[PDB]
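Notes for the one structure printed next.
Chains as they are written, first to last, in the numbering used here: chain G, 1 to 34; chain R, 35 to 39.
Put into structure tokens, the structure is as follows:
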């Protein structure tokens, strides 16, 4: 993007992704460990 | 302009 403002959210916040933001503990099965 | 959004 031009980068005059919020350089990044627009980098993929659009049809290029749909704003993913996923993968925040998707494999976080972690509980007590043992 | 670069409507990435």
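Where a beta carbon is used, it is the ideal one built from N, C-alpha and C, also for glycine.
One Cα belongs to residue 9 of chain G, the other to residue 16 of chain G, and the distance between them is close to 11 Å.
Between residue 4 of chain G and residue 11 of chain G a beta carbon distance of about 14 Å is seen, past the 8 Å cut, so the two are scored as non-contacting. If you draw a straight line from the Cα of residue 14 of chain G to the Cα of residue 37 of chain R, it is about 9 Å long.
Taking the CA atoms as reference points, residue 18 of chain G sits about 16 Å from residue 24 of chain G.
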